[PDB]
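Structural features, examined
Chain by chain, the residues:
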6 protein chains.
Amino acid sequence: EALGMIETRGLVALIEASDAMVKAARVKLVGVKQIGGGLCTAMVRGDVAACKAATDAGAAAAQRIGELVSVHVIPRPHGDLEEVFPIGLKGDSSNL
Amino acid sequence: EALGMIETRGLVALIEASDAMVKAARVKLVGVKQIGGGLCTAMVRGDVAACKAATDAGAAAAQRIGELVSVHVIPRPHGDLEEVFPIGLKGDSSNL
Amino acid sequence: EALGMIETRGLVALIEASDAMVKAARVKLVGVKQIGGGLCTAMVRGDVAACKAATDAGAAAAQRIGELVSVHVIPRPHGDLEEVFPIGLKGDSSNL
Amino acid sequence: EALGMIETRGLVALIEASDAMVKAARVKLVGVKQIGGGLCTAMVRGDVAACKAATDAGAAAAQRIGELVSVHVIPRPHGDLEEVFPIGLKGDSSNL
Amino acid sequence: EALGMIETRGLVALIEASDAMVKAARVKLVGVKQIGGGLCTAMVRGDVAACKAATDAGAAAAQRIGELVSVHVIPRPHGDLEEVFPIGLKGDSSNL
Amino acid sequence: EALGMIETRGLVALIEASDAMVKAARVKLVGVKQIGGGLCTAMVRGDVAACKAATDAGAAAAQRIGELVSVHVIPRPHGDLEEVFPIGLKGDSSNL
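**Here we look at the overall build of chain A**
- Assigned secondary structure in chain A consists of three helices and four strands.
- For chain A, the succession of helices and strands along the chain, N to C, is β-α-β-β-α-β-α.
- Principal axes of the C-alpha set define a box for chain A whose edges measure 35 × 30 × 15 Å.
- Across the 96 residues of chain A, 58% fall into the buried class.
- Charge centroids of chain A, computed over 10 positive and 11 negative side chains, lie 4 Å from each other.

What follows is the structure in structure tokens.
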């Protein structure tokens, strides 16, 4: 499955962006990660088309209420990514 | 149930904003999350009307004593949001 | 019991502010929370009068040695606050 | 094995940089570490040639979408590094 | 016992300041706490005279190599402080 | 044993500085600590001569690729330091 991601500065932009992604396409919200500085990121998985609709829906909403840091789709993420980041079809992670 | 959220820069604005939300409407404070940078966020659930009264009460108070980062109501949050964020009618989360 | 709170930027202001609060009135220091950015907050509980004496004693001291972010008393905090914040007469929290 | 590393300010640059590294050379993504301030770092291991191809692929991508903080290859990292940093051929670490 | 405290921006100032405090007087290093933003604080306990010698030794050293945020002695800290902060003659705390 | 320390703003400077320290002298990397703000610090132990060679090797490298915050050797660190900081000849710490 492809991967879509949205970064926001502020958590309410990011929760709203996520609700938008998920309502706008068959994508699944799989995890969310903050890195300090107030930066936070949501990840979704689904079909490549969906992740483009998703992240495009989610970017819209973020910008209406927050501050988008970045939006991006990786169509075919390396399986190696699922080991290290909270982007994985089964609660595999991002809790340490 | 709808979802209301308030972000503040500083925790005493946010505790006061929360006491305000909860006193002003039938909404329930369900969790609170910081993301570094001194940003912190409270979430409430209740009827759509309540979450508008709540967050409108809470914004007032925040601004009197702190620095509101953002206020917002999502009337019908996707169930997918409850998996990933501390917005959930049963201590399901935001402890890892 | 009422609730008093002091925010400081820097932890030595905040420890001194707390020693001040607690020496100046019958209030009890119940917890302390940092939110990154170097922001940290102390909470006390006691009679409404005490929490005004407390926080007024604590603000004085903070400002002599640090940087007060904010001071504030909520006379009758909603019981809902004790679920989510380290403001509670019994080590109920703020450890996750 | 050599060690390659990419730092980004923002996590979506860094996830994209990583997918790039790993697709562009026989290197293995071994861990990722944030240090607050929104700084985050990915580490890869492989042959010296690979880690140069990797990190050069990963830098490209980071800069297209984010803000690279730094890129660098250490051809022959001291074994002492594997004790203290998440750069190690076997989930040995960076969880405390 | 009295309480002395030093705040530094940067951890090597703070480790050096601590070695200084402890070599210069009969005070005991009891804990150290960071609050993000790169702020970190060391606490010592001993006789009031010692904590003045200590913190005065420690301030000197900090300023030679770092950035002192603040220095301060509280001669007779409320017992309530030992519940909430890492200032306590017996590893009672500051691990949650 | 003496103690050497390097602070960097950015983790790849710091990993490179460490590989340098350890290759340049008989010193041992004993731990590493971040304090938010993107500040991170490595500690080494060895003979006083070594820790001067080490930290001097490590500073060089840091500055070529990052931003050194500070370098410093304490020849004879108080045993009290090993209780509170990740500077200790036996995985005693800095995990809470």
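Next comes the rest of the account.
**Considering the arrangement of the chains**
- The smallest C-alpha distance separating chain A from chain E is 9 Å, and no contact links them.
- For the non-touching pair chain D and chain E, the nearest C-alpha separation works out to 8 Å.

**Quick notes on the interface of chain E and chain F**
- Contact with chain E, which involves 25 residues of that partner, is made by 24 residues of chain F.
- Of the roughly 1,900 Å² buried at the junction of chain E and chain F (both faces included), carbon and sulfur atoms supply 70%.
- The largest per-residue losses of area from chain E upon contact with chain F belong to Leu11, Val12 and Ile15 of chain E, which jointly make up 31% of the total buried on that side.
- On the surface where chain E and chain F come into contact, there are two salt bridges.
- Summed over the shared surface of chain E and chain F, the number is nine residue pairs in polar contact.
- Within the residue set of the side of chain E that touches chain F, elements represented by two or more residues are helix 1 (11–24), strand 2 (27–34) and strand 3 (39–46) of chain E.
- The element that contributes the greatest number of residues to the side of chain E that touches chain F is helix 1 of chain E, accounting for nine residues.
- In the side of chain E that touches chain F, the residues fall into twelve nonpolar, nine polar and four charged.

**Re the relation of the copies chain E and chain F**
- Least-squares fitting of chain E to chain F yields an RMSD of 0.0 Å, with the superposition described by an axial translation of 0.0 Å and a rotation of 60 degrees. This pairing of chains is accounted for by a six-fold axis.
- Counting the interface residues of chain E, we find that no more than 16% of their copies in chain F are interface residues as well, pointing to two distinct contact surfaces.

**A closer look at the relation of the copies chain D and chain A**
- Turning chain D through 60 degrees and shifting it by 0.0 Å along the axis lays it on chain A, with an RMSD of 0.0 Å.
- Taken together, the interface assignments show that only 16% of the residues at the interface of chain D recur at the interface of chain A, consistent with different surfaces on the two copies.

**Comments concerning the interface of chain D and chain A**
- Taken together, the contact pairs 25 residues of chain D with 24 residues of chain A.
- Carbon and sulfur atoms make up 70% of the surface buried where chain D meets chain A, a total of about 1,900 Å² over both sides.
- Joining chain D to chain A, the criterion identifies two salt bridges.
- Ionic pairing is found between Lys28 of chain D and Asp80 of chain A, a salt bridge with its closest N-O pair at 3.1 Å.
- Broken down by secondary-structure element, the contributors of at least two residues to the side of chain D that touches chain A are helix 1 (11–24), strand 2 (27–34) and strand 3 (39–46) of chain D.
- The element that contributes the greatest number of residues to the side of chain D that touches chain A is helix 1 of chain D, accounting for nine residues.
- For the side of chain D that touches chain A, the class distribution of residues is twelve nonpolar, nine polar and four charged.

**Overview of the environment of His78 of chain B**
- Tracing the backbone shows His78 of chain B in the loop between strand 4 (68–74) and helix 3 (80–84).
- Accessibility expressed as a relative area gives 30% for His78 of chain B, which makes it partly exposed.
- For the pair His78 of chain B and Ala2 of chain B, spaced 76 residues apart in the sequence, the C-alpha separation amounts to 10.0 Å.
- If we ignore the near neighbours within four places in the chain, the residues touching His78 of chain B are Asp19, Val22 and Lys23 of chain A.

**A short note on the sheet that holds strand 1 (residues 2–9) of chain B**
- With antiparallel pairing, the four strands of this open sheet are ordered in space as 2-3-1-4 (chain B). On the outer flanks of this sheet lie strand 2 (27–34) and strand 4 of chain B, each paired with one strand and no other. Geometrically, the sheet is characterised by an average inter-axis angle of 15 degrees between neighbouring strands, direction not taken into account.
- Pairing between strand 1 of chain B and strand 4 of chain B: six bridges, direction antiparallel. Paired with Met5 of chain B across the bridge in strand 4 of chain B is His72 of chain B.
- On the sheet, helix 1 (residues 11–24) of chain A packs against strand 1, strand 2, strand 3 (39–46) and strand 4 of chain B and is oriented at approximately 150 degrees with respect to strand 1 of chain B.

**Some words on the pattern of salt bridges**
- Inspection of the entire model under this criterion finds 30 salt bridges over all chains.
- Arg64 of chain F is paired through a salt bridge with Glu16 of chain F; the nearest N and O atoms lie 2.9 Å apart. Of the two residues, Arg64 of chain F sits in helix 2 (residues 48–65) while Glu16 of chain F sits in helix 1 (residues 11–24), which places them 48 residues apart along the sequence.
- On the basis of relative accessibility, which here comes to 64%, the residue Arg64 of chain F falls in the exposed class.
- Beyond isolated ion pairs, a larger network of salt bridges with shared partners links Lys28 of chain A together with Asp80 and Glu83 of chain B.

**Quick look at helix 2 (residues 48–65) of chain B**
- Between its first and last C-alpha, helix 2 of chain B extends 26 Å over 18 residues, near the 26 Å set by a 1.5 Å rise per residue.
- Buried residues in helix 2 of chain B make contact with strand 1, helix 1 (11–24), strand 2, strand 3 and strand 4 of chain B.

**Some thoughts on the packing of helix 1 of chain D against helix 2 (residues 48–65) of chain D**
All names here are of chain D.
- Running from N to C, helix 1 and helix 2 point in directions that differ by 150 degrees, and their axes come no closer than 7 Å. Judged on the interaxial angle alone, helix 2 and helix 1 are roughly antiparallel. Here helix 1 runs over helix 2; the crossing is right-handed. Contacts between helix 1 and helix 2 involve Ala13, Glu16, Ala17, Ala20, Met21 and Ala24 from the first element and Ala53, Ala54, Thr55, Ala57, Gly58, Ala61, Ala62, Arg64 and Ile65 from the second.

**What to know about the sheet that holds strand 2 (residues 27–34) of chain C**
- Strand order in the open sheet formed by four strands is 2-3-1-4 (chain C), with antiparallel pairing between adjacent strands. Where the open sheet ends on each side, the last strands, each with one partner, are strand 2 and strand 4 (68–74) of chain C. Between one strand and the next, the sheet's axes are offset by a mean angle of 15 degrees, whatever the strand orientation.
- Both strand 1 (residues 2–9) of chain C and strand 3 (residues 39–46) of chain C contribute to a ladder of eight bridges, which runs antiparallel. Its bridge partner lying in strand 3 of chain C, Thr8 of chain C is registered against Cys40 of chain C.
- Packed onto the sheet, helix 1 of chain B meets strand 1, strand 2, strand 3 and strand 4 of chain C and runs at close to 150 degrees relative to strand 1 of chain C.

**Describing the environment of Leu39 of chain A**
- Position of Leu39 of chain A relative to the elements: it lies in strand 3 (residues 39–46).
- Residue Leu39 of chain A is classed as buried on the basis of its relative accessible area, which comes to 4%.
- As a C-alpha pair, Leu39 of chain A and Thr8 of chain A span 31 residues in sequence and 6.0 Å in three-dimensional space.
- If near-sequence neighbours (up to four positions away) are discounted, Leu39 of chain A is found in contact with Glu7, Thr8, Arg9, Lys33, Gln34 and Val69 of chain A, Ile35 of chain B together with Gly10 and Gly38 of chain D.

Cut-offs and rules
- Residues numbered from 1 in each chain as written, not as in the entry; some residues may be left out.
- Chains lettered and ligands numbered in written order.
- Heavy atoms only, no water.
- Helix = DSSP H or I, 4+ residues; strand = E, 2+ residues; numbered from the N terminus.
- Buried < 20%, exposed > 50% of the residue type's maximum accessible area, 1.4 Å probe, protein only.
- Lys, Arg positive; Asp, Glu negative; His and termini not counted.
- Charge placed at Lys NZ, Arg CZ, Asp CG, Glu CD.
- Contact = heavy atoms within 4.5 Å.
- Buried area = accessible area lost by both parts, 1.4 Å probe.
- Salt bridge = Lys/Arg side-chain N within 4 Å of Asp/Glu carboxyl O.
- Polar contact = N/O pair within 3.5 Å; in protein donor to acceptor, adjacent residues only side chain to side chain.
- Nonpolar A, V, L, I, M, F, W, Y, C, P; charged D, E, K, R; others polar.
- Least-squares fit on C-alpha atoms.
- Pairing = 2+ DSSP bridges.
- Axes fitted to C-alpha atoms, helices over the stretch in contact; angles between N-to-C directions.
- Expected span 1.5 Å × (residues − 1).
- Parallel < 35°, antiparallel > 145°, perpendicular 65-115°, else oblique.
- Left-handed = near helix turned anticlockwise from the far one by under 90°.

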